[PDB]
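As stored in coords-v8.cif (mmCIF, C-alpha atoms and all ligand atoms):
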data_start
#
loop_
_atom_site.group_PDB
_atom_site.id
_atom_site.type_symbol
_atom_site.label_atom_id
_atom_site.label_comp_id
_atom_site.auth_asym_id
_atom_site.auth_seq_id
_atom_site.Cartn_x
_atom_site.Cartn_y
_atom_site.Cartn_z
ATOM 1 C CA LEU D 1 -16.101 4.510 7.823
ATOM 2 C CA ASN D 2 -17.111 1.977 5.205
ATOM 3 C CA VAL D 3 -15.306 -0.957 6.829
ATOM 4 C CA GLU D 4 -15.681 -3.271 3.815
ATOM 5 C CA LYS D 5 -13.286 -1.010 1.935
ATOM 6 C CA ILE D 6 -10.400 -1.833 4.291
ATOM 7 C CA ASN D 7 -10.385 -5.442 3.052
ATOM 8 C CA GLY D 8 -7.304 -6.924 1.531
ATOM 9 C CA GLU D 9 -3.547 -6.710 1.688
ATOM 10 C CA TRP D 10 -1.695 -4.251 3.932
ATOM 11 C CA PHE D 11 1.880 -3.639 5.164
ATOM 12 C CA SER D 12 2.957 -2.505 8.611
ATOM 13 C CA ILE D 13 4.724 0.858 8.364
ATOM 14 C CA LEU D 14 4.871 2.629 11.780
ATOM 15 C CA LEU D 15 4.265 1.032 15.186
ATOM 16 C CA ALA D 16 3.877 3.081 18.369
ATOM 17 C CA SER D 17 3.104 2.498 22.032
ATOM 18 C CA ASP D 18 3.140 4.220 25.392
ATOM 19 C CA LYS D 19 4.774 0.994 26.707
ATOM 20 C CA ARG D 20 7.742 0.748 24.384
ATOM 21 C CA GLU D 21 8.929 -2.746 25.332
ATOM 22 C CA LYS D 22 5.796 -4.195 23.782
ATOM 23 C CA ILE D 23 6.859 -3.080 20.300
ATOM 24 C CA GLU D 24 10.609 -3.628 20.568
ATOM 25 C CA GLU D 25 12.233 -6.379 18.673
ATOM 26 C CA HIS D 26 11.128 -9.162 21.050
ATOM 27 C CA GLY D 27 7.834 -7.628 22.211
ATOM 28 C CA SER D 28 4.527 -9.368 21.820
ATOM 29 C CA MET D 29 3.047 -6.555 19.748
ATOM 30 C CA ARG D 30 5.850 -6.520 17.205
ATOM 31 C CA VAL D 31 3.844 -8.078 14.348
ATOM 32 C CA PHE D 32 3.589 -7.263 10.673
ATOM 33 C CA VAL D 33 0.193 -7.286 8.961
ATOM 34 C CA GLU D 34 -0.349 -9.088 5.715
ATOM 35 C CA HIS D 35 -4.156 -8.948 5.275
ATOM 36 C CA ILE D 36 -7.396 -7.814 6.856
ATOM 37 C CA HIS D 37 -10.541 -9.684 5.827
ATOM 38 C CA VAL D 38 -13.850 -8.026 6.635
ATOM 39 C CA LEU D 39 -16.588 -10.336 7.842
ATOM 40 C CA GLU D 40 -20.083 -9.535 8.973
ATOM 41 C CA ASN D 41 -19.196 -9.435 12.692
ATOM 42 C CA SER D 42 -15.428 -9.313 12.703
ATOM 43 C CA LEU D 43 -12.091 -8.478 11.150
ATOM 44 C CA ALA D 44 -9.742 -11.401 10.426
ATOM 45 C CA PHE D 45 -6.060 -10.553 10.388
ATOM 46 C CA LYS D 46 -2.958 -12.388 9.229
ATOM 47 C CA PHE D 47 0.381 -11.222 10.566
ATOM 48 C CA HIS D 48 3.988 -12.325 10.518
ATOM 49 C CA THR D 49 6.338 -11.979 13.459
ATOM 50 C CA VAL D 50 9.982 -12.822 14.192
ATOM 51 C CA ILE D 51 10.600 -15.459 16.808
ATOM 52 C CA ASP D 52 14.247 -16.053 17.646
ATOM 53 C CA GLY D 53 15.277 -14.625 14.280
ATOM 54 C CA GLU D 54 12.817 -16.726 12.224
ATOM 55 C CA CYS D 55 9.605 -15.569 10.623
ATOM 56 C CA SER D 56 6.303 -17.093 11.742
ATOM 57 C CA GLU D 57 2.567 -16.468 11.183
ATOM 58 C CA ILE D 58 -0.103 -15.237 13.610
ATOM 59 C CA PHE D 59 -3.825 -15.218 12.799
ATOM 60 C CA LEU D 60 -6.333 -13.244 14.876
ATOM 61 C CA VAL D 61 -10.040 -12.568 14.565
ATOM 62 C CA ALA D 62 -11.428 -9.470 16.260
ATOM 63 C CA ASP D 63 -15.123 -9.338 16.986
ATOM 64 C CA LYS D 64 -17.398 -6.309 16.946
ATOM 65 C CA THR D 65 -18.177 -5.189 20.472
ATOM 66 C CA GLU D 66 -21.335 -3.353 21.670
ATOM 67 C CA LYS D 67 -19.659 -0.002 20.890
ATOM 68 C CA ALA D 68 -19.969 0.978 17.235
ATOM 69 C CA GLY D 69 -16.627 0.922 15.507
ATOM 70 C CA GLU D 70 -14.853 -0.969 18.232
ATOM 71 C CA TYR D 71 -13.474 -4.475 17.953
ATOM 72 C CA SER D 72 -12.023 -6.822 20.583
ATOM 73 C CA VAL D 73 -9.558 -9.678 20.511
ATOM 74 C CA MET D 74 -7.639 -11.756 23.011
ATOM 75 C CA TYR D 75 -3.885 -11.594 22.452
ATOM 76 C CA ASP D 76 -1.434 -11.072 25.323
ATOM 77 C CA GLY D 77 -4.442 -9.957 27.326
ATOM 78 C CA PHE D 78 -7.653 -8.305 26.257
ATOM 79 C CA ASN D 79 -7.501 -5.787 23.422
ATOM 80 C CA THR D 80 -10.011 -3.271 22.056
ATOM 81 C CA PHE D 81 -9.350 -1.201 18.998
ATOM 82 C CA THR D 82 -10.795 1.347 16.618
ATOM 83 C CA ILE D 83 -9.920 2.778 13.227
ATOM 84 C CA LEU D 84 -8.851 6.395 13.567
ATOM 85 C CA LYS D 85 -8.354 7.371 9.913
ATOM 86 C CA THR D 86 -8.141 5.803 6.484
ATOM 87 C CA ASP D 87 -8.411 6.615 2.803
ATOM 88 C CA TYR D 88 -8.888 2.848 2.043
ATOM 89 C CA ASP D 89 -6.475 2.689 -0.860
ATOM 90 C CA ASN D 90 -3.242 3.988 0.756
ATOM 91 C CA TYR D 91 -3.208 4.228 4.552
ATOM 92 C CA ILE D 92 -5.063 3.164 7.665
ATOM 93 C CA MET D 93 -4.418 4.118 11.302
ATOM 94 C CA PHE D 94 -5.488 1.916 14.222
ATOM 95 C CA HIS D 95 -5.699 2.730 17.942
ATOM 96 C CA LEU D 96 -5.665 -0.169 20.392
ATOM 97 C CA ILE D 97 -5.962 -0.502 24.170
ATOM 98 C CA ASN D 98 -4.493 -3.620 25.843
ATOM 99 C CA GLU D 99 -5.478 -4.704 29.350
ATOM 100 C CA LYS D 100 -3.599 -7.372 31.313
ATOM 101 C CA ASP D 101 -3.225 -7.738 35.050
ATOM 102 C CA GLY D 102 -5.105 -4.521 35.868
ATOM 103 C CA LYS D 103 -2.793 -2.503 33.699
ATOM 104 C CA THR D 104 -3.234 -0.938 30.273
ATOM 105 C CA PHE D 105 -1.239 0.469 27.405
ATOM 106 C CA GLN D 106 -1.995 1.928 24.011
ATOM 107 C CA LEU D 107 -0.802 0.848 20.594
ATOM 108 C CA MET D 108 -1.116 2.866 17.438
ATOM 109 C CA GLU D 109 -0.379 1.411 14.014
ATOM 110 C CA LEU D 110 0.015 2.881 10.537
ATOM 111 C CA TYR D 111 -0.494 0.416 7.697
ATOM 112 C CA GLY D 112 -0.030 0.999 3.963
ATOM 113 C CA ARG D 113 -1.301 -0.656 0.831
ATOM 114 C CA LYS D 114 2.312 -0.614 -0.284
ATOM 115 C CA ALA D 115 5.465 -1.429 1.656
ATOM 116 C CA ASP D 116 6.136 2.269 2.428
ATOM 117 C CA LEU D 117 4.233 5.517 2.868
ATOM 118 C CA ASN D 118 5.434 9.056 2.201
ATOM 119 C CA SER D 119 6.810 11.367 4.826
ATOM 120 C CA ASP D 120 3.707 13.573 4.960
ATOM 121 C CA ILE D 121 1.522 10.629 5.997
ATOM 122 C CA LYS D 122 4.114 9.385 8.466
ATOM 123 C CA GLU D 123 4.426 12.825 10.069
ATOM 124 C CA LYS D 124 0.654 13.110 10.370
ATOM 125 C CA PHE D 125 0.666 9.739 12.138
ATOM 126 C CA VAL D 126 3.409 10.892 14.473
ATOM 127 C CA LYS D 127 1.363 13.951 15.419
ATOM 128 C CA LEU D 128 -1.699 11.766 16.063
ATOM 129 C CA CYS D 129 0.446 9.558 18.316
ATOM 130 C CA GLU D 130 1.535 12.650 20.253
ATOM 131 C CA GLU D 131 -2.116 13.589 20.654
ATOM 132 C CA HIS D 132 -2.557 10.283 22.482
ATOM 133 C CA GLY D 133 0.449 10.749 24.736
ATOM 134 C CA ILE D 134 2.661 8.542 22.628
ATOM 135 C CA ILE D 135 5.966 10.351 22.382
ATOM 136 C CA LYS D 136 8.143 10.477 19.265
ATOM 137 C CA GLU D 137 10.785 8.236 20.771
ATOM 138 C CA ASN D 138 8.130 5.470 21.093
ATOM 139 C CA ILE D 139 7.305 5.346 17.363
ATOM 140 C CA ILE D 140 9.216 2.783 15.350
ATOM 141 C CA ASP D 141 9.569 2.916 11.562
ATOM 142 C CA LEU D 142 9.280 -0.741 10.699
ATOM 143 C CA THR D 143 10.450 -0.141 7.125
ATOM 144 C CA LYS D 144 14.029 -0.122 8.563
ATOM 145 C CA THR D 145 13.505 -3.409 10.431
ATOM 146 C CA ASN D 146 12.784 -7.047 9.637
ATOM 147 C CA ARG D 147 9.091 -7.158 8.629
ATOM 148 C CA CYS D 148 9.289 -10.698 7.229
ATOM 149 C CA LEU D 149 8.469 -9.347 3.754
ATOM 150 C CA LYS D 150 10.139 -12.458 2.264
ATOM 151 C CA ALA D 151 7.538 -14.626 4.018
ATOM 152 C CA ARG D 152 4.512 -12.897 2.451
HETATM 153 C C1 LIG Y 201 -5.367 -3.517 14.915
HETATM 154 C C2 LIG Y 201 -4.048 -3.736 15.630
HETATM 155 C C3 LIG Y 201 -3.618 -5.137 15.595
HETATM 156 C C4 LIG Y 201 -2.433 -5.105 16.566
HETATM 157 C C5 LIG Y 201 -1.631 -6.295 16.901
HETATM 158 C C6 LIG Y 201 -2.359 -7.570 17.312
HETATM 159 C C7 LIG Y 201 -3.204 -7.287 18.481
HETATM 160 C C8 LIG Y 201 -0.382 -6.130 17.659
HETATM 161 O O1 LIG Y 201 0.506 -5.100 16.981
HETATM 162 CL CL CL Y 202 11.831 -7.238 5.624
#

For this file, produce the structure as structure tokens.
Ligand SMILES: CCCC[C@H](CC)CO
Ligand SMILES: [Cl-]
Amino acid sequence: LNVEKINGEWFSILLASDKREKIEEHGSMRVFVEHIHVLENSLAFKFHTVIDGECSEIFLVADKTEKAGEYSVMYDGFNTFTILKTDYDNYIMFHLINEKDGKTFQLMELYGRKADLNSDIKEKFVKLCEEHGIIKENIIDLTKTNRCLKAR
């Protein structure tokens, strides 16, 4: 991974979790990326989210941890994440682990440089989710939901 090449604008495409409530319409992890800025020691994200039907912004900065490739950020508990796969100019796949209260769950996210991605890429993501114990019923195609695109 050449992390500098993930800089710039992205769209949230598929969102998946082994704790489905977290990514349902009112879940804390139901956020829609707008950009990722690469800094020397971190990744700075801008997201939108819907709160009571209205779009709103969320900004997070994730710091490099002591494990190469891994980043951490506080948001609804303590999160660590890695980049699973990317071609830089079309798709990126993230894997995240949340811890809160002694409990954990996984999130996986597929982002695109455009507002949609083709079915081949989506199906490959779905298979990768399954490989992490995230079942097909726990993968949401955000392109058929409110992603706050009008707010970008
Ligand atoms: C890299 C994943 C960012 C995930 C996000 C904020 C922690 C929630 O969907
Ligand atoms: Cl939308």

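Across the structure, atom CA of residue 103 of chain D and atom CA of residue 10 of chain D are spaced 29.8 Å apart.
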
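Closest approach to residue 64 of chain D among D:117, D:23, D:3, D:148: D:3, based on all atoms listed in the file.
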
Two-atom distance - atom CA of residue 105 of chain D, atom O1 of ligand LIG 201 (chain Y) (Å)
11.9 Å

Explicit residues for the PyMOL selection byres (((not hetatm)) within 7 of (chain Y and resi 201)) (as a ChimeraX atom specification):
/D:29-31,75,79,81,94-96,109

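Around ligand CL 202 (chain Y), the neighbouring residues within 7 Å, taking all atoms listed in the file, come to residues 145, 146, 147, 148, 149 and 150 of chain D.
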
Leaving out residue 137 of chain D and any residue of its chain fewer than 4 positions from it, which residues lie within 10 Å of it when counting only C-alpha atoms, given as a count of residues only?
4

Enumerate, as an NGL selection string, the residues matched when the PyMOL selection byres (((chain D and resi 49) around 12) and not hetatm) is run on the file above.
:D and (12 or 23-34 or 46-48 or 50-59 or 142 or 145-152)

Carefully work through the PyMOL selection byres (((chain D and resi 91) around 12) and not hetatm) for this structure and note down the residues it includes, as a PyMOL selection string.
chain D and resi 5-6+9-14+83-90+92-94+109-118+120-122+124-125

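Across the model, the gap from atom CA of residue 4 of chain D to atom CA of residue 44 of chain D is 12.0 Å.
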
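The smallest atom-to-atom distance between residue 41 of chain D and any of D:133, D:77, D:8, D:69, using all atoms listed in the file, is found for D:69.
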
Within 6 Å of (-9.2, -7.3, 4.1), all atoms listed in the file: residues as a PDB file with C-alpha atoms, keeping the file's coordinate frame?
ATOM      1  CA  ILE D   6     -10.400  -1.833   4.291  1.00  0.00           C
ATOM      2  CA  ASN D   7     -10.385  -5.442   3.052  1.00  0.00           C
ATOM      3  CA  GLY D   8      -7.304  -6.924   1.531  1.00  0.00           C
ATOM      4  CA  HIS D  35      -4.156  -8.948   5.275  1.00  0.00           C
ATOM      5  CA  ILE D  36      -7.396  -7.814   6.856  1.00  0.00           C
ATOM      6  CA  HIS D  37     -10.541  -9.684   5.827  1.00  0.00           C
ATOM      7  CA  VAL D  38     -13.850  -8.026   6.635  1.00  0.00           C
TER       8      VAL D  38
END

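Proximity ranking of D:74, D:68, D:60, D:39 relative to residue 97 of chain D places D:74 first, based on all atoms listed in the file.
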
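In terms of minimum interatomic distance to residue 143 of chain D, D:15 ranks closest within D:70, D:1, D:126, D:15, counting all atoms listed in the file.
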